[PDB]
Structures are given as structure tokens and as C-alpha cells.
Amino acid sequence: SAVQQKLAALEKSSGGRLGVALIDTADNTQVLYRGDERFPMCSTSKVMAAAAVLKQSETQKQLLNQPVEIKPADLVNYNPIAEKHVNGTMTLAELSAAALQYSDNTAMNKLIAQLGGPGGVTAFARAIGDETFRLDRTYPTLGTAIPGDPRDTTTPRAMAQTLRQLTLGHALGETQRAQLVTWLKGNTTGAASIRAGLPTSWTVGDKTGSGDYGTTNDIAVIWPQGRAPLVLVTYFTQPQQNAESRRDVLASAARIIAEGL
């Protein structure tokens, strides 16, 4: 299709490997580019961890409000929120907000630990029907995206389906789904990524991801004016370990989708 050719041209220009999955909920059509290839998730996996803790909270009433100690051994490589609470506490809701809206890596580690380790995040994915997602590590090593390493990967097709189920479907209870959407809409890290390719009057919730090999990711639910919501996953990774981030490539993918579908 025209969109497919434009995404191939984008990838050709980009210096890396591009993965796209778009679901248009108006007719449930899907557009994929490398949609069944595995890509390193990096920080986009924070959505699955936050959603898994929200699922826990459905049967543990006050779980999101219990204090979690932030100890010095907990601090990792990027802790814009948690470093302000060392030797103090943060609640699981505060940790989820920090992980999702600031991409705080210590916060995500606390979420992973609350779920019983990386396997607990993967188990939640399986429980909601995602057979592809795998989380294998914590931070700091989650920031590493070696080419061909299956750890901490998913496919664009699988992540788009999961993101749809979590935000628009029934994977979470109503209060939890609304909370997840509220957190994603308040992301602070995404302005140069999918959001930069979309009209400003459209509402977006998203989670970016970044890692080495110039890995630059974004997963988003989009509420355009005048049509039903869209789910868009854009994954991008490059051949050189020290490649520079390419949020602009994700914005181009979003622009191709916004203009062409």
C-alpha cells in the first residue's frame, strides 16, 4: 500500500530497523511493518509492569497506597523521581506514575520487584493473552539492546494488541483502565516522538522507550477528532552500540499513519 511504501522509504532513510503496528479501532484494521519481528522494548515495558500492579490492586484494595521504602541499593542509572525519596518511601501509585510519566528506572525496578521479578511481568502478559512479550532483566541491564538478543523484546503486532486490550479493552477493571490511561496521557517524555507527528488537537497517551543501539521506541493510544481511537506502536533500533536516538524517525512514522490512514 501507499503507507507501506512510505514506511519502507522511512526505514531506508533512517539508519536502522523500524517496526510499526497500527490498529484502527473504527474497523479493526491493522497496518504492520516488520510487525512480527522482535524488537527491544526498553522503557516501553514499563506499561506492562504498571498494568500488572494495577491488576494486583483489583483484589488488594489499598495496594496502590501502601508505602514502599526507597533504599540506596535501589538507585540505578536514571532516577529523576526516586532519587528524591532515598531513605524515604513512595507508594505504588507514585512509583507507577514515576515509571510511566518520567520513565524513572528505579521506579520500574520497584514495580518489577512488587510483581515477583521480571517473570511476574511476563506472567501478567501471558494472563492477558500476550504470548510474545518477555521481560528478563531489571535496570540497569534493561537499558541494553544488543542486536539479536531476544531478552526484553516483543513484536509490534503483539504490543499493539496488548496496548489496545489494556487501554480500550477489558484486560483491567474500569477504575484501573482509567488510571492507566490517565498516566499515559500525562507522559512528559514523548513530545518529540509519536506526538510530534500528530495534529495537536488529537489526544494521546504514550510511553517512550530508549536504550543503547540508538533504540528509540514509542507506544501510544490516540484519540483523533472525528474518528475512533487508534493504537500505534513504533519501534526503532540501529546497528551501532552508540547510535544516537532518533525520536524524529518515530514522528515521521506517526505522520505517515496520520496522513495516510
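Residues -1 to 259, numbered by the working numbering, are exactly what the sequence shown covers, in order. C-beta: ideal position from N, C-alpha, C; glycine also.
Point to revise | Extent of the continuous alpha helix (DSSP H) run through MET157 | key: 154 to 165
Review point. Can you tell me where the beta strand (DSSP E) with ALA218 in it begins and where it stops?
Key: 213 to 221
**Study point:** In chain order, each alpha helix (DSSP H) run of at least 4 residues that lies wholly inside the stretch 163 to 203
**Key:** 172 to 183
Point to revise | Alpha-carbon spacing of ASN240 relative to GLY114, whole angstroms | key: 32 Å
Check your understanding: Which class does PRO65 belong to by DSSP, given the choice of helix, strand or coil?
Key -> strand
Review point. Taking one C-beta from the stretch 195 to 206 and one from the stretch 83 to 91 each time, how about it: are there three or more such pairs within less than 8 Å?
Key: no
Exercise for review: Return the residue from the list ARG155, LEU140 and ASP204 that minimises the CA-CA distance to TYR211.
Suggested key: Of the candidates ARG155, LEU140 and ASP204, the one whose C-alpha sits nearest the C-alpha of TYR211 is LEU140.
**Study point:** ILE126 (DSSP reduced to helix, strand or coil)
**Key:** coil
Exercise for review: For the stretch 10 to 67, list the beta strand (DSSP E) runs that are entirely contained and at least 3 residues long, ordered along the chain.
Suggested key: 15 to 22 and 27 to 31
Exercise for review: Measure the C-alpha to C-alpha separation of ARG225 and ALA256 and round it to an integer number of angstroms.
Suggested key: 12 Å
Check your understanding: Between which two residues does the beta strand (DSSP E) carrying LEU230 extend?
Key -> 228 to 235
**Study point:** Simplified DSSP assignment, three categories, for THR151
**Key:** strand
Review point. Given a threshold of 16 other Cβ atoms within 10 Å of its Cβ, counted over all protein chains shown, does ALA19 qualify as buried or as exposed?
Key: Burial call: buried.
Point to revise | Length of the line joining the Cα atoms of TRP181 and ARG175 | key: 10 Å
Review point. Straight-line CA distance for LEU52 to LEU73?
Key: 23 Å
Review point. If we call anything under 7 Å between Cβ atoms a contact, is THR152 one with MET39?
Key: yes
Review point. Which residues in the same chain have their Cβ closer than 7 Å to the Cβ of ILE79, if we skip the five residues on either side of it in sequence?
Key: So the list reads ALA96, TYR100, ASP102 and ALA105, once near-sequence residues are dropped.
Check your understanding: What is the rounded straight-line gap between the Cα of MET157 and the Cα of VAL45?
Key -> 10 Å
**Study point:** Best match in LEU61, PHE37, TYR76 and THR206 for proximity to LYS183 [C-alpha to C-alpha]
**Key:** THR206
Exercise for review: Give me whichever residues DSSP pairs with residue 262 in a beta bridge.
Suggested key: Since the displayed the chain opens at -1 and closes at 259, residue 262 lies outside it and no answer follows.
Practice item. Could you tell me whether the Cβ of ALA7 comes closer than 7 Å to any Cβ of chain D? Key: The structure shown contains no chain D, having only a single protein chain.
Check your understanding: Helix, strand or coil: how does DSSP classify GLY146 here?
Key -> coil
**Study point:** Cβ separation of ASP150 and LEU133, assumed to be a contact under 8 Å, to the nearest whole Å
**Key:** 6 Å
Check your understanding: Run through DSSP, which three-state label would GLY118 get?
Key -> helix
Practice item. Tell me where the alpha helix (DSSP H) around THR104 begins and ends. Key: 103 to 112
**Study point:** Inter-stretch contact (C-beta, 8 Å, three-pair minimum) for the stretch 52 to 70 and the stretch 228 to 243
**Key:** Because the criterion of three Cβ pairs below 8 Å is not met, the stretch 52 to 70 and the stretch 228 to 243 do not touch.
Exercise for review: Take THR42 and list the residues in its own chain whose beta-carbon comes closer than 6 Å to its own, dropping the five residues that flank it on each side.
Suggested key: Excluding five sequence positions before and after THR42, the CB atoms of its chain that fall closer than 6 Å to its own CB belong to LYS205, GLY207, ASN215 and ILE217, given in chain order.
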